[PDB]
Amino acid sequence: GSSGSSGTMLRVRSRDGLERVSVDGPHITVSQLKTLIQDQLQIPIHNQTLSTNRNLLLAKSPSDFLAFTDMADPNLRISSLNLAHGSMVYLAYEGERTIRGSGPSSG
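What the deposited record gives as its method is solution NMR.

Per the PDB entry, the chain goes by NPL4 family protein and derives from Arabidopsis thaliana. Per the header of the deposited record, the title is "Solution structure of a novel beta-grasp fold like domain of Hypothetical protein (Arabidopsis thaliana)".

Given below as structure tokens:
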């Protein structure tokens, strides 16, 4: 809950269902993106598979996912596809997610 600063939200599509993740902007790179979804969806970047095509939901094998190499570069910026607060995306990961956890403490 912050006032003034406007957060960015994107609509990701997975095999489990359409999900959403919070981002900052284009200034962020795939590395930061995956990380976000990695800290949100609790999915590993080594598994996370970004793709601006619904055909990603088709890929069942690993090689198939290798077909989508648009957002593989961690140095690549989302600006490459121009994702705005509303744009759509498709996520794809192997296996399952992980376990979340966080403990905010003021030291």
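Quick look at empty space enclosed by the protein now. Within the structure shown, the criterion is met by one cavity of 30 Å³ or more. In this structure, the largest cavity occupies an estimated 60 Å³ of space. Tallied by class, the residues present in the lining of the largest cavity amount to eleven nonpolar, no polar and no charged.

Moving on, we get to unusual backbone geometry. In the Ramachandran plot, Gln 42 falls in the positive-phi region, its phi being about 55° despite a non-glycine side chain. Its place among the elements puts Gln 42 in the loop between α1 (30-40) and α2 (62-65). With a relative accessible area of 14%, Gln 42 lands in the buried category. A positive phi angle, near 70°, is found at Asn 82, a position not held by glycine.

A word on the layout of surface pockets. Computed from the structure, the largest pocket encloses a volume of approximately 260 Å³. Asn 47, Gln 48, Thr 49, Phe 65 and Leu 66 are the residues nearest the centre of the largest pocket, which is lined by 17 residues in total. A per-class count over the lining of the largest pocket returns ten nonpolar, five polar and two charged. Size it by volume and the second largest pocket reaches roughly 210 Å³. Lining of the second largest pocket is provided by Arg 15, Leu 56, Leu 57, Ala 59, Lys 60, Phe 65, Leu 91, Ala 92, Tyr 93, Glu 94 and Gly 95. Along the lines of polarity and charge, the residues of the lining of the second largest pocket split into seven nonpolar, one polar and three charged.

Procedures and definitions
- Residues numbered from 1 in each chain as written, not as in the entry; some residues may be left out.
- Heavy atoms only, no water.
- 1 Å grid on protein atoms, 1.4 Å probe; cavity = no way out; pocket = protein on both sides within 12 Å on 5 of 7 lines; lining within 4 Å.
- Points joined across faces, edges and corners; volume = space filled by probe spheres on them.
- Nonpolar A, V, L, I, M, F, W, Y, C, P; charged D, E, K, R; others polar.
- Helix = DSSP H or I, 4+ residues; strand = E, 2+ residues; numbered from the N terminus.
- Buried < 20%, exposed > 50% of the residue type's maximum accessible area, 1.4 Å probe, protein only.

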